[PDB]
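J.: Questions regarding the structure given below will be posed in turn.
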Amino acid sequence: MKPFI
Amino acid sequence: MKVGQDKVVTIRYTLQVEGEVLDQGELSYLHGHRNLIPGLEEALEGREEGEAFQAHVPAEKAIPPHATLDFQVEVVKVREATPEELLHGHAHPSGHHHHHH
Ligand SMILES: [Ca+2]
Ligand SMILES: [Ca+2]
Ligand SMILES: [Ca+2]
Ligand SMILES: [Ca+2]
Ligand SMILES: [Cl-]
Ligand code: NI
């Protein structure tokens, strides 16, 4: 899932 | 246009956890397709293009355990999804490039 951290 | 199901939304954001910036940037996502952190998507629902706002998202709607995700968000753009975006279930870059997954 976003955001990509 | 307001953020809602099947809109492709572009946001600019800063993410803090325990007061420290962990991430910042701009992204586009297709709303209503479980493509974003759920608590953030919930905070975005109904927002107008141009709106700036803060959202606190608990871990249980999303980094240490049980920390709050503190977002500062700007809604940059809202538009309707193309038929291909709806079929793929995700947002696509502006330039048409027919494809599948
Ligand atoms: Ca700060
Ligand atoms: Ca999805
Ligand atoms: Ca505001
Ligand atoms: Ca617009
Ligand atoms: Cl997406
Ligand atoms: Ni695609």
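Chain labels run A, B, ... following the order of the structure tokens; each chain numbers its residues from 1, and ligands are numbered from 1 in the order shown.
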How close does chain B get to chain A? List, as JSON lines, each residue of chain B within 8 Å, its nearest atom pair and the distance in Å to one decimal, counting only C-alpha atoms.

T.:
```
{"residue": "B:23", "atom": "CA", "partner": "A:5", "partner_atom": "CA", "distance": 7.3}
{"residue": "B:27", "atom": "CA", "partner": "A:3", "partner_atom": "CA", "distance": 7.7}
{"residue": "B:34", "atom": "CA", "partner": "A:1", "partner_atom": "CA", "distance": 7.6}
{"residue": "B:35", "atom": "CA", "partner": "A:1", "partner_atom": "CA", "distance": 5.3}
{"residue": "B:36", "atom": "CA", "partner": "A:2", "partner_atom": "CA", "distance": 4.6}
{"residue": "B:37", "atom": "CA", "partner": "A:2", "partner_atom": "CA", "distance": 6.2}
```

J.: Store the residues picked out above in a file with N, CA, C and O atoms, as a CSV table (one decimal), in the first residue's frame.

T.:
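Contents of the output file out.csv:
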```
chain,number,residue,atom,x,y,z
B,23,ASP,N,8.8,10.8,5.8
B,23,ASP,CA,8.6,10.8,4.4
B,23,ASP,C,7.9,12.0,3.9
B,23,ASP,O,7.2,12.6,4.7
B,27,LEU,N,2.1,11.9,-4.5
B,27,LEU,CA,1.7,10.7,-5.2
B,27,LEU,C,0.3,10.8,-5.7
B,27,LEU,O,-0.4,11.7,-5.3
B,34,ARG,N,-8.5,0.3,-1.9
B,34,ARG,CA,-7.5,-0.2,-0.9
B,34,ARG,C,-6.1,0.0,-1.3
B,34,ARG,O,-5.2,-0.9,-1.1
B,35,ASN,N,-5.8,1.1,-2.0
B,35,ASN,CA,-4.4,1.3,-2.5
B,35,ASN,C,-3.6,2.3,-1.7
B,35,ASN,O,-2.4,2.5,-2.0
B,36,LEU,N,-4.2,2.8,-0.6
B,36,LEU,CA,-3.5,3.8,0.3
B,36,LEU,C,-3.8,3.3,1.7
B,36,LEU,O,-4.7,2.5,2.0
B,37,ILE,N,-2.9,3.7,2.7
B,37,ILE,CA,-3.2,3.4,4.1
B,37,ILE,C,-4.6,3.8,4.4
B,37,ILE,O,-5.0,4.9,4.1
```

J.: List as a ChimeraX atom specification the protein and nucleic acid residues lying within 10 Å of ligand 1, with only C-alpha atoms and all ligand atoms counted.

T.: /B:14-21,70,72

J.: Write the residues of the selection above to a file with N, CA, C and O atoms, as a compact mmCIF listing (two decimals), in the first residue's frame.

T.:
```
# COMPACT_ATOMS: atom_id res chain seq x y z
N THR B 14 3.46 15.41 3.97
CA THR B 14 4.59 15.18 4.86
C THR B 14 4.12 14.20 5.94
O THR B 14 3.03 14.38 6.51
N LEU B 15 4.90 13.17 6.23
CA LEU B 15 4.53 12.21 7.25
C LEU B 15 5.48 12.34 8.43
O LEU B 15 6.69 12.18 8.24
N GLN B 16 4.94 12.64 9.61
CA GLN B 16 5.72 12.62 10.86
C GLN B 16 5.33 11.46 11.76
O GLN B 16 4.17 11.11 11.86
N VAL B 17 6.32 10.88 12.42
CA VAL B 17 6.02 9.94 13.49
C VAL B 17 6.85 10.36 14.68
O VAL B 17 8.07 10.55 14.57
N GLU B 18 6.17 10.54 15.82
CA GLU B 18 6.78 11.05 17.03
C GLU B 18 7.59 12.32 16.77
O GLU B 18 8.69 12.51 17.30
N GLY B 19 7.01 13.18 15.93
CA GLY B 19 7.55 14.50 15.69
C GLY B 19 8.65 14.60 14.65
O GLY B 19 9.13 15.70 14.39
N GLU B 20 9.05 13.47 14.08
CA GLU B 20 10.15 13.44 13.11
C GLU B 20 9.60 13.15 11.71
O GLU B 20 8.79 12.26 11.54
N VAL B 21 10.06 13.90 10.72
CA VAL B 21 9.62 13.65 9.36
C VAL B 21 10.23 12.34 8.89
O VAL B 21 11.45 12.16 8.94
N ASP B 70 1.25 10.98 11.63
CA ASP B 70 0.79 12.36 11.56
C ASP B 70 1.06 12.92 10.16
O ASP B 70 2.19 13.24 9.81
N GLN B 72 0.48 15.72 7.09
CA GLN B 72 0.08 17.04 6.65
C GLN B 72 -0.15 16.84 5.15
O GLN B 72 0.75 16.39 4.45
```

J.: Using only C-alpha atoms and all ligand atoms, determine which residues fall within 12 Å of ligand 5, then list them as a ChimeraX atom specification.

T.: /A:1-4 /B:6-11,27-37,41,81,85-93

J.: For the residues in the current selection, export C-alpha atoms as an mmCIF file, in the first residue's frame.

T.:
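Result file follows (selection_38.cif):
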```cif
data_model
loop_
_atom_site.group_PDB
_atom_site.id
_atom_site.type_symbol
_atom_site.label_atom_id
_atom_site.label_comp_id
_atom_site.auth_asym_id
_atom_site.auth_seq_id
_atom_site.Cartn_x
_atom_site.Cartn_y
_atom_site.Cartn_z
ATOM 1 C CA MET A 1 0.000 0.000 0.000
ATOM 2 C CA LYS A 2 0.946 3.638 -0.544
ATOM 3 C CA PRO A 3 2.820 5.579 0.480
ATOM 4 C CA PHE A 4 5.808 3.282 -0.058
ATOM 5 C CA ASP B 6 -13.154 5.826 -8.273
ATOM 6 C CA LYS B 7 -11.456 9.243 -8.425
ATOM 7 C CA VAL B 8 -7.712 9.431 -9.055
ATOM 8 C CA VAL B 9 -6.370 11.819 -6.449
ATOM 9 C CA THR B 10 -2.978 13.503 -6.346
ATOM 10 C CA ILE B 11 -1.737 14.544 -2.899
ATOM 11 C CA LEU B 27 1.725 10.686 -5.156
ATOM 12 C CA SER B 28 -1.425 9.801 -7.083
ATOM 13 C CA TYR B 29 -3.755 6.975 -6.122
ATOM 14 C CA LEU B 30 -7.109 5.536 -7.193
ATOM 15 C CA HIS B 31 -9.540 6.121 -4.322
ATOM 16 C CA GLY B 32 -11.763 3.323 -3.018
ATOM 17 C CA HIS B 33 -9.563 0.424 -4.057
ATOM 18 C CA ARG B 34 -7.528 -0.212 -0.884
ATOM 19 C CA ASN B 35 -4.429 1.336 -2.502
ATOM 20 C CA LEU B 36 -3.531 3.761 0.297
ATOM 21 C CA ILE B 37 -3.162 3.431 4.074
ATOM 22 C CA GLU B 41 -7.898 7.326 2.648
ATOM 23 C CA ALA B 81 -10.612 7.447 -13.436
ATOM 24 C CA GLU B 85 -7.625 2.462 -14.359
ATOM 25 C CA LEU B 86 -10.902 1.057 -13.067
ATOM 26 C CA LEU B 87 -10.244 -2.343 -14.653
ATOM 27 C CA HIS B 88 -6.685 -2.501 -13.281
ATOM 28 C CA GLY B 89 -7.768 -1.118 -9.930
ATOM 29 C CA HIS B 90 -4.990 1.478 -9.813
ATOM 30 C CA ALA B 91 -3.976 4.914 -11.093
ATOM 31 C CA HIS B 92 -1.931 5.316 -14.323
ATOM 32 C CA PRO B 93 0.546 8.038 -15.463
#
```

J.: Write as a list in words the residues around ligand 3, taking 6 Å as the cut-off and counting only C-alpha atoms and all ligand atoms.

T.: residues 51, 52 and 53 of chain B

J.: Let me see if you get this right: every residue at most 9 Å from ligand 4, counting only C-alpha atoms and all ligand atoms, written as a PDB file with C-alpha atoms, in the first residue's frame.

T.:
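For reference, part.pdb as written:
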```
ATOM      1  CA  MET B   1     -14.044  17.909  -7.800  1.00  0.00           C
ATOM      2  CA  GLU B  49      -9.222  19.851  -4.647  1.00  0.00           C
ATOM      3  CA  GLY B  50      -7.028  22.554  -3.038  1.00  0.00           C
ATOM      4  CA  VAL B  76      -3.380  18.740  -5.510  1.00  0.00           C
ATOM      5  CA  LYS B  77      -5.725  17.269  -8.123  1.00  0.00           C
ATOM      6  CA  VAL B  78      -8.893  15.175  -8.318  1.00  0.00           C
ATOM      7  CA  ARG B  79     -10.164  13.646 -11.525  1.00  0.00           C
TER       8      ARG B  79
END
```

J.: For residue 12 (chain B), find every residue with an atom within 7 Å (counting only C-alpha atoms), except residues of its own chain fewer than 2 positions away, and show them as JSON, numbers by chain.

T.: {"B": [25, 26, 27, 73, 74, 75, 76]}

J.: How would the residues just chosen look if you wrote them out with N, CA and C atoms as a PDB file, in the first residue's frame?

T.:
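See result-v6.pdb below for the written result:
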```pdb
ATOM      1  N   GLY B  25       6.468  13.990   0.012  1.00  0.00           N
ATOM      2  CA  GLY B  25       6.455  13.899  -1.431  1.00  0.00           C
ATOM      3  C   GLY B  25       5.076  14.071  -2.005  1.00  0.00           C
ATOM      4  N   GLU B  26       4.911  13.589  -3.226  1.00  0.00           N
ATOM      5  CA  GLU B  26       3.655  13.726  -3.950  1.00  0.00           C
ATOM      6  C   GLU B  26       3.345  12.373  -4.564  1.00  0.00           C
ATOM      7  N   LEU B  27       2.089  11.947  -4.518  1.00  0.00           N
ATOM      8  CA  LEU B  27       1.725  10.686  -5.156  1.00  0.00           C
ATOM      9  C   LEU B  27       0.314  10.794  -5.691  1.00  0.00           C
ATOM     10  N   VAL B  73      -1.351  17.132   4.660  1.00  0.00           N
ATOM     11  CA  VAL B  73      -1.723  16.737   3.296  1.00  0.00           C
ATOM     12  C   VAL B  73      -2.275  17.922   2.504  1.00  0.00           C
ATOM     13  N   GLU B  74      -1.922  18.015   1.224  1.00  0.00           N
ATOM     14  CA  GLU B  74      -2.604  18.940   0.304  1.00  0.00           C
ATOM     15  C   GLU B  74      -3.239  18.127  -0.826  1.00  0.00           C
ATOM     16  N   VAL B  75      -4.514  18.370  -1.123  1.00  0.00           N
ATOM     17  CA  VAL B  75      -5.128  17.726  -2.285  1.00  0.00           C
ATOM     18  C   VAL B  75      -4.780  18.540  -3.521  1.00  0.00           C
ATOM     19  N   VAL B  76      -3.883  18.008  -4.345  1.00  0.00           N
ATOM     20  CA  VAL B  76      -3.380  18.740  -5.510  1.00  0.00           C
ATOM     21  C   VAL B  76      -4.348  18.674  -6.689  1.00  0.00           C
TER      22      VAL B  76
END
```

J.: If you run DSSP on the backbone here, which positions in region 25-100 of chain B get strand (DSSP E)? Please write them as a PyMOL selection string.

T.: chain B and resi 25-30+52-58+68-80

J.: When you count only C-alpha atoms, which of these residues is closest to residue 94 (chain B): B:55, B:39, B:2, B:82?

T.: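 Comparing B:55, B:39, B:2, B:82 against residue 94 (chain B), the winner is B:82.
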